[PDB]
Each structure stands twice: as C-alpha cells, then as structure tokens.
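Participant: Just dropping this structure here.
There are 2 protein chains.
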Amino acid sequence: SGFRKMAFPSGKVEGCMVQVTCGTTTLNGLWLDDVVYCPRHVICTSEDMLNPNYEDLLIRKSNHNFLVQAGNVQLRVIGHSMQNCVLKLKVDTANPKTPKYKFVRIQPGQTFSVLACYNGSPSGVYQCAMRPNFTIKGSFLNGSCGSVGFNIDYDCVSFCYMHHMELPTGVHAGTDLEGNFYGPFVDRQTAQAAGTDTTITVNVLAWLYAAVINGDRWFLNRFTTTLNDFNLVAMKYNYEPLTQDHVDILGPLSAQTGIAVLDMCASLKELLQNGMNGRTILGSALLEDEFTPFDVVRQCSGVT
Amino acid sequence: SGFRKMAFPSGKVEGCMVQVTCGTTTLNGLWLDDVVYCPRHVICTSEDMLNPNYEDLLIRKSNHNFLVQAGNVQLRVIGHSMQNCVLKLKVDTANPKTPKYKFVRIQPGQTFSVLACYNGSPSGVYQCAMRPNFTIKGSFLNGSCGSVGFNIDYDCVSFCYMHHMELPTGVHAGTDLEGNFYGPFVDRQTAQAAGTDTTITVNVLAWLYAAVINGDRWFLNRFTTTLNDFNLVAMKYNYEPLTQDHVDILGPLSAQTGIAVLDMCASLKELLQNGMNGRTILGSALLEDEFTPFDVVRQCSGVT
Ligand SMILES: *CCC(=O)N(c1cc(C(C)(C)C)[nH]n1)[C@@H](C(=O)Nc1c(C)cccc1CC)c1cccnc1
Ligand SMILES: *CCC(=O)N(c1cc(C(C)(C)C)[nH]n1)[C@@H](C(=O)Nc1c(C)cccc1CC)c1cccnc1
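Line by line, the protein sequences are chains A and A'. A prime marks a further copy of an entry chain.
As numbered in the entry's author numbering, residues 1 to 304 make up the first sequence, in order.
As numbered in the entry's author numbering, residues 1 to 304 make up the second sequence, in order.
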C-alpha cells in the first residue's frame, strides 16, 4: 500500500540526452537513432528572442554550427532541418542506447514523467500532467530547454513533450516531438498568458479511488448524484466537465472498490462544497489531479 | 522556476536490479560488482514469517537454491552469507553496469529516491524522506522487497535504503545496505507500531525558502522569534526541535533570499498557529517536509 507521485524509471531517456550548442546558446537535445531533436530557439541569441524570424536566422547556420555532445564525445552533424518549433540534426552515428520509441501528442489531463536536464546531463525526474490550459507546472531553470516528457509501456518510450519556455507567470510551455506547441503558445518572448487552470475531474476521482484502495475512506458519504448535477458543481469550482467517457474510464476502479462512479462523484461534490475541514487524503490537504485512472490502476497493480 | 518533488535519475540503479527467487518467494536484489544484496526474508515461506529463526532457515539453503536473474539471463551463485537482515549472494559475474557507489546509513529527516521494483524490473521512481520515527511513507506492493533508496552525487550512487516490510499501519520499514534496520523494526510478522510521526522542521523551513525563491511570499510576516520560543510552538505541533545546526544548514537559503532564519521561523510559527486559511504554498495546502535544505539548493541551482 501507500500512494506516491511516481515517475517512470528514467534510464531509457537518460541514454538519449545530449547537449546542443549553437553559438553561445546551450540547451538539451534528444538523440534517437541518427537524429538529435532540440528546440529551434537554440539558434537564438538573447536579443532576437523578442521577435525571431526562425527561417531567416536558420539560413545563417550550417551543420558545423550545431555542436552536439553526448557524454564527453562530439557527434558529427551531417544535416539539419526545422520541423515546426524543433530542429532535427542528422548525425553520422545512430544512438546505441536508442530504446523502442514513439512520438505521441497527448491530450490535456494526461500525465507524463519529465527528465529535467542541464547541458545534456539529467538532474531529476518528476511526474507532471498536461494542464487543461496546455501549460505544465514543471521545475525548469535556464538551460533546461530540450528536456523531455515521456511515458513508458514496458520497453517502449512514448515521448510526448519537449520543454521550450517559461511563461511570465512561472508556468511552462512546450511542444510534442513534431515541434507543435501544446496550446496557443509560441517560441517568442512576448505577452503570453495562460487560460483558466481548471482541475482534471477524472484524475481527482481516480485519486479518490486510490485513496479508498489504500485505506483513506473518511470522505465517503451516504449520497449519490447524476452526471448533470455533478457537472453544475464542477462548473462552479472550475473543474473540468465529467463525461460518460470518463465514467467508462473509471470503470475498473469502480469495480475493484465496489463504489459506483456517481457515488464517488457525490463524495467529490461534498468535498468541494464543505472542504477538507483540516483533514487529509493520501497525505494531501487538497484534491490531487495529476494521477490519471490508468496511473492509479498501474501503480496499484505494479505494472513494470 | 517551479518547484517539484524531484527524484534522482534512476538509470544507474535500474542497471543493478535483479530478481532473486528462493523456493517460492520472489523479491528484488541489488547487483553491485559480483555480489547481489537482498532481504534475508527471501528464504521465508508465508508460514515462518510469524517467528523466523533466520540462521536455522538458512542452513537448509545452498548456493543453488538462490536463483538470480538479471534481465532474461541467469547468474551463477558461488557463495552466500547473511549480514544482519540482508543476504549477500556472491555471483560469478561482476555487474557490467555497476556504477561508482557507496553504502550510507542516513539520519531521519534525510531524503532519498526509491526505485520501486517487482520481479527485478523497475516500475517507478519517487522521492521519500526517512521519517523521524524511522519509517518511510512509500508506495510498495507485495514483491517490492529489495527495492532500494539512494542519492546521487554526480556519478556516485549512495545506497541508503532497502525495502523489507509494510507495518500494519501501511507505513514502510527497511534497512541500510549493511542489513541494519532503520528504527526498532524487525523482519518478523509481529505487532510493530511506529512512534510519533513528527514533522521535519528544517525541511519545512527549506521548503518555505524554496517558495520565496519561486514567488510564493504571502506567508512572510512582520515578525521574528528566538530558537527557544520557536521550539515551544514546534513542540505543541509535533514538529522536530530546531537546533543551531539546522540554522547553520539553512544559511545559504537565508543568504540567497535575504530572510534571516529566525524570521522564517516566525513565519512558520504563524502558519502553525493560524493555518493556511485556504491558501497554498508551492501548490500544496499543507507544510511540505520532504525537501532537505540541500535538495532546495540543488533543485534551485540545477546540479546535474
Ligand atoms: C532554454 C532557454 C531558456 O532557459 N529560456 C528561454 C526560452 C526562450 C524563448 C523560447 C522565448 C526563445 N528564451 N529563453 C527560459 C525562458 O523561457 N525565459 C523566460 C521566462 C523565465 C519568462 C518569460 C519569458 C521568457 C523567455 C525569454 C527558461 C527558463 C526556465 C525554464 N524554462 C525556460
Ligand atoms: C517482499 C515481501 C512482501 O511483500 N511483504 C512481506 C515482508 C514480510 C516479512 C519481512 C515479515 C517476512 N512478509 N511479507 C509485505 C509485508 O510486509 N506484508 C505485511 C503487511 C502488508 C502488513 C503487516 C505485516 C506484513 C508482513 C507479512 C509487503 C507488502 C507491501 C509492501 N512491502 C512489503
């Protein structure tokens, strides 16, 4: 028992982290096969971050201007191209540590692990969720760009995120591995405000199920509700509307605990209206929303 | 910016996880050089867990009874010995992935990362702290025994914990890599109750510093206090007494923020007496105590 904010083992991703330097800018790159992926803003100086014309800036760069270093050894750049907001640097050597991988574009509410890196070296791993406003609440400092978000299914790494920037409000924005930003963010130092950071309702319910499975049952009540009645309460509290798809996704947790999804919804409804009253659930004093129903099943079953 | 419960990259430890089977019991082992470390209770059947005589149980086991499997290949056991509550299985092959390592016995309040494993395969990584009552609040299921806790200093892994058991209250107990349990726990299925789980005061102050460094300053007040006055409040709230050693350890954070340690102590004192009033600090509704002052400095500086 015990429920923790658990990240995937980072080994397979550590073997892919490289350092990319273009001029005076140094950030992280992801080396898969003979291609190194990195944010295109590596070609930017501090000056042109305000209004960069990436295509124009790119014309002044040749293969030899991108310095790729894996560990203490240098990789030879034999080609370069810009795909949306990422640069793909073809190197002459396939990464011997390339795991089985896929590039996936995740939906908001989905969780992933981040391997925070600086100068191609990994410093930490934590679990995140793509917020409904397409930002991530990460822990990234200058030089962390190019650090990646991923999920692992047995031996296949699904890369879903690459860090590009910190918005003026301290939240983070990035792209999928095809270079498309999540949300409406752009790789420019401009006024970019995030939308409402709503709570991921399906994840809160999943975490309430995890709490029941681990012994924290005080919040269980004698009530039930309907999807529409629940959603009126969720709207008031800036919670994402709960759909029948979410109810279906919660099915296995509902089955294991014997607590119908709508009954857990009424427990959640009372927690929203009454608060925790100084109590805790799974060691937290607020309703945790960065565990999907799949994470609860996986953690509670011990999927390796 | 952004502050996350961050674990060390788990790569170096993943390369050391092996499966150990003795009879019908299967748990995790740690393979360093030509020795595999694992909980001695691997020799136990479900029956003898109530009152095991490990020395006697061990006499019935030979080298060939311990099956060690690293990945899909079997390791040859050429020797076995019991050191306190761990078994050391000498194998004929040195682990080619053995990183630079040390075995350390940590003090309560110290934090570490855990690589949760099942059948020698890693499933997740999370950050923990050794509680002042010598338990850890982990996330471990049956088969997780032998999973390890560690810290990394650049390229040297300091192993500090090995999981052995879950107490009837859902908390976890284990040993250092010399087999000595943290706390008064024994590897027996008997009534073992944990002591008071006091809050790690120095870690809460470190986390308040991290909050100030990241922009959360609402809890800062116009007051100061003394170590003795603070400690009277800390005693009331089951917080660990704060010493001049802790004040010294908080020095770098105090210097970076310009907030004297005793002033942060008065902020903490008011947070204890008044509560959060429905507010949050670094996304948490309670005072976080599983970041040491060293973790705050490291995370905030980007040590790789
Ligand atoms: C890896 C580069 C870097 O550290 N940052 C960065 C990104 C950019 C763009 C994408 C605009 C070219 N410029 N610099 C920062 C960052 O995003 N800095 C920043 C902040 C903190 C607030 C508002 C605007 C900007 C853009 C300059 C960075 C710092 C911490 C975490 N991630 C990225
Ligand atoms: C790896 C073996 C295992 O899963 N567990 C275990 C440990 C033991 C001892 C050390 C007593 C021989 N026996 N079984 C359990 C565990 O500790 N089980 C348990 C629980 C859950 C509560 C009270 C007593 C016991 C001891 C039998 C385990 C389960 C989850 C996490 N860690 C360990």
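Ideal Cβ placement from N, Cα and C applies to all residues, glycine included.
Would you tell me roughly how many angstroms separate the C-alpha atoms of A':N180 and A':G15, rounded to the nearest one?
Facilitator: C-alpha separation (whole angstroms): 24 Å.
Participant: In chain A', what lies closer than 8 Å to A:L115 by C-beta?
Facilitator: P9, listed in chain order.
Participant: Would you decide whether A':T243 is buried or exposed? Buried here means 16 or more other CB atoms lie within 10 Å of its CB.
Facilitator: Exposed, by the Cβ-count rule.
Participant: Listing by chain order, which chain A residues have their CB less than 9 Å from the CB of A':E166?
Facilitator: Neighbours of A':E166 on chain A, chain order: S1, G2.
Participant: In this structure, how does DSSP classify A:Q273 when only helix, strand and coil are distinguished?
Facilitator: Three-state DSSP puts A:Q273 in a helix.
Participant: Let me see if you follow: with CB-CB separation under 9 Å, is A:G143 close to chain A' or not?
Facilitator: With 9 Å as the cut-off, A:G143 counts as an interface residue toward chain A'.
Participant: Give me the Cα-Cα distance between A:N72 and A:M17, rounded to the nearest whole angstrom.
Facilitator: Computed Cα separation, rounded: 12 Å.
Participant: Say whether chain A' places a C-beta atom closer than 9 Å to the C-beta of A:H172.
Facilitator: It does; some Cβ of chain A' falls within 9 Å.
Participant: To the nearest angstrom, how far is it from the Cα of A:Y118 to the Cα of A:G146?
Facilitator: Computed Cα separation, rounded: 9 Å.
Participant: In the segment 122-156 of chain A', which residues sit with their C-beta less than 7 Å from some C-beta in chain A, listed in chain order?
Facilitator: Of all residues in the segment 122-156 of chain A', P122, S123, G124, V125, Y126, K137, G138, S139, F140, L141, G143 have a Cβ within less than 7 Å of some Cβ in chain A.
Participant: Roughly how many whole angstroms lie between the Cα atoms of A':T257 and A':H80?
Facilitator: Rounded to whole angstroms, A':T257 to A':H80 spans 53 Å at the Cα level.
Participant: Please list, in chain order, the residues of the segment 263-286 of chain A that have any C-beta partner in chain A' closer than 8 Å.
Facilitator: Result list: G275, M276, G278, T280, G283, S284, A285, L286.
Participant: Quick one, are the C-beta atoms of A:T93 and A:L75 less than 9 Å apart?
Facilitator: Taking 9 Å as the Cβ cut-off, A:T93 and A:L75 qualify as a contacting pair.
Participant: Measuring from the CB of residue 314 of chain A', is there a heavy atom of ligand 2 at a distance below 8 Å?
Facilitator: Outside the displayed span of chain A' (1 to 304) sits residue 314 of chain A', for which this structure offers no information.
Participant: Should A:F140 be counted as a contact of ligand 1 given a C-beta to heavy atom distance under 8 Å?
Facilitator: Because some heavy atom of ligand 1 lies under 8 Å away, the Cβ of A:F140 counts as near it: yes.
Participant: With 16 other CB atoms within 10 Å as the buried threshold, where does A':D187 fall?
Facilitator: With 16 or more Cβ atoms within 10 Å of its Cβ, A':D187 is classed as buried.
Participant: Beta-carbon within less than 8 Å of A':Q107's beta-carbon, same chain only, minus the 5 sequence neighbours each way: which residues are those?
Facilitator: Around A':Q107: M130.
Participant: Using a Cβ-Cβ cut-off of 9 Å, state whether A:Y161 counts as contacting chain A'.
Facilitator: Cβ-Cβ to chain A' under 9 Å: no for A:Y161.
Participant: Quick one: is A':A255 buried, meaning 16 or more other Cβ sit within 10 Å of its Cβ, or exposed?
Facilitator: When all chains shown are included, A':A255 counts as exposed.
Participant: For A':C38, count neighbouring C-beta atoms within 10 Å of its own C-beta (all shown protein chains included) and say buried if the count is 16 or more, exposed if not.
Facilitator: That one is buried.
Participant: Could you check how far apart the C-beta atoms of A:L208 and A:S139 are, in whole angstroms? I think they sit under 8 Å.
Facilitator: Not a contact, Cβ separation roughly 26 Å.
Participant: In chain order, which alpha helix (DSSP H) runs of at least 4 residues are fully inside the segment 92-176 of chain A?
Facilitator: DSSP runs (the alpha helix (DSSP H)) wholly in the segment 92-176 of chain A: none.
Participant: Looking at C-alpha atoms only, which residue of A':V104, A':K102, A':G143 is the closest neighbour of A':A116?
Facilitator: Residue A':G143 is the option with its Cα nearest to A':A116.
Participant: Would you say A:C38 faces chain A', with C-beta separation under 9 Å as the test?
Facilitator: For A:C38, the answer is no, since every Cβ of chain A' falls outside 9 Å of its Cβ.
Participant: Can you name the residues of chain A' whose CB is closer than 8 Å to the CB of A:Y118?
Facilitator: Those are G302, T304, listed as they occur along chain A'.
Participant: Chain A' partners of A:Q69, CB-CB under 7 Å?
Facilitator: Those within 7 Å of A:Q69 in chain A' number zero; the least Cβ separation is about 14 Å.
Participant: Compute the Euclidean distance between the alpha carbons of A:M235 and A:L220, then round it to the nearest angstrom.
Facilitator: For A:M235 and A:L220, the distance between alpha carbons rounds to 22 Å.
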